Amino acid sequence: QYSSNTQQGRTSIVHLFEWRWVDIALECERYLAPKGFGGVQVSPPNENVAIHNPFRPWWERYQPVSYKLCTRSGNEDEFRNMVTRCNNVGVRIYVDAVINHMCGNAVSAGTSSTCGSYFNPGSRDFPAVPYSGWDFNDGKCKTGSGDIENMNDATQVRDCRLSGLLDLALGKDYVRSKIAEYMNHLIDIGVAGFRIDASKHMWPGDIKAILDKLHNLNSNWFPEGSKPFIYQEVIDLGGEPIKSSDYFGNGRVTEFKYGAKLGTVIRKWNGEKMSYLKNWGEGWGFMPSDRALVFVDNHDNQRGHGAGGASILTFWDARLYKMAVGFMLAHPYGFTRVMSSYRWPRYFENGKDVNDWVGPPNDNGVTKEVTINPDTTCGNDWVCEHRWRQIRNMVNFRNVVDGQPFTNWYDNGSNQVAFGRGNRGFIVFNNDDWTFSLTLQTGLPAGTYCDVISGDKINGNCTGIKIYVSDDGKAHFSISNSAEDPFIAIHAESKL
């Protein structure tokens, strides 16, 4: 469950948040494959409640109605078409598995659902599965409300309703079997793994019992005996009874400490600075590198949901965001996930975004296609961070330097730092309020290299900055503190 099942030479996943299946399919062929992306995390592909107050929020997709593959992203044929076309160009699909719960206990009964399936939350009736009152934790939960009230009590965190979400009885073989049925449907279609939603709210042993029922990966695209990549959403910032390590038996775990700390560092908050990043990883109290799923932001915290945090960097803070993403993709710690977002009309009232609910760009509820502008950015309010040159090129940097040791570290004791990845890549950051001008040991073979942050290599030359590495491995770097992108990155494939 620990292996990503990506192609050799591809090393990141991109979250194409709320994208339609037909658009992801095209994106795999036209962009993700030729740019060396490892795979795509998709939004939950199972049928959910259609919530009209507020108007079709992104979070409706975290309220299941059935396991029919029928959502605003598309239907089953569209989903299957996407997985096939992506696998055929060597780009994997990872499904956001919403398996802790069905929908909110106060949602009205009826057919207000993405495939029109009937459901009755009040009577715990989900006939499209089917689930009944017998399949929920109502009798197991010990709280007065029936909801989670106290996260210091690990039992209620697992057995009670997360914010009123009907809590599936995952201790029951029947429930485990219906969930495995859904996950096996997806595996056989050709998915490579799963982001396990709300993993903290499930017993590690119940997750184990479900994973025991899972097939090996589709044997047309994957070597015999391949296991689904599992990464579990567990928010563990310390000081709680439940720990990320409790989930290591099932797969990788999201390291939410990563983005929280990196955001603080890059913002230069809390007395933190880039020179402190020399021992980034377990040295900062993080989980083992071989278990961490890392990211700067995710779909929750980029809008103040989840554990939120003021320090989180997002596309809204584009300059600092590119630096944080660049550092993450250059550094060997963890398995990397790049966020890809949509714009929404952010509006702050008494500290919070009152539009943090807004779903994807839509025409009266119908998700808008991703249009591609002539400059390769996206239209229709899709942000497409993964298409930003500075991020896309760092995704390839990580591929090129895969397996190479963290080496040749430099810092000025403040916010001017640099490091190499063996003899394959070198990166330089200036986050101080003065110019960084210095000759540094790069560890690289002598030659002329395109800076992949300011430009591209296009057979024979560079469209941005050129760096000249002398016979002894040294090169001069000049970065103004006023630079739009105050970092430079070079690697073996950017050499002329």
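Note that residue numbering follows the sequence shown and begins at 1.
Chemist: Quick one: say whether 90-98 or 372-380 has the higher mean Cα B-factor in the deposited entry.
Modeler: Looking at the recorded C-alpha B-factors, 372-380 comes out higher on average.
Chemist: Take the C-alpha B-factors listed in the entry for 201-209 and for 136-144, compute each mean, and give the stretch with the larger one.
Modeler: Stretch with the greater average CA B-factor: 136-144.
Chemist: When you compare the CA B-factors of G238, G334, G74, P360 as listed in the entry, which one comes out on top?
Modeler: That would be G238.
Chemist: Choose from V49, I458, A33, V452 the residue with the greatest Cα B-factor as stated in the PDB record.
Modeler: In this record, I458 carries the highest C-alpha B-factor of the candidates.
Chemist: By the record's CA B-factor, is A492 among the lowest, middle or highest third of residues in the chain?
Modeler: Middle third.
Chemist: Classify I189 as lowest, middle or highest third according to the C-alpha B-factor given in the PDB entry, relative to its own chain.
Modeler: Lowest third of the chain for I189's C-alpha B-factor.
Chemist: If you rank every modelled residue in this chain by C-alpha B factor, which third holds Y118: lowest, middle or highest?
Modeler: Highest third.
Chemist: Mind checking which third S470 falls in for C-alpha B-factor across the chain?
Modeler: Within its chain, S470 is a highest-third residue by C-alpha B-factor, going by the deposited values.
Chemist: For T314, return the chain-relative third of its C-alpha B-factor as stated in the PDB record: lowest, middle or highest.
Modeler: For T314, whose C-alpha B-factor we compare with every modelled residue in the chain, the answer is the lowest third.
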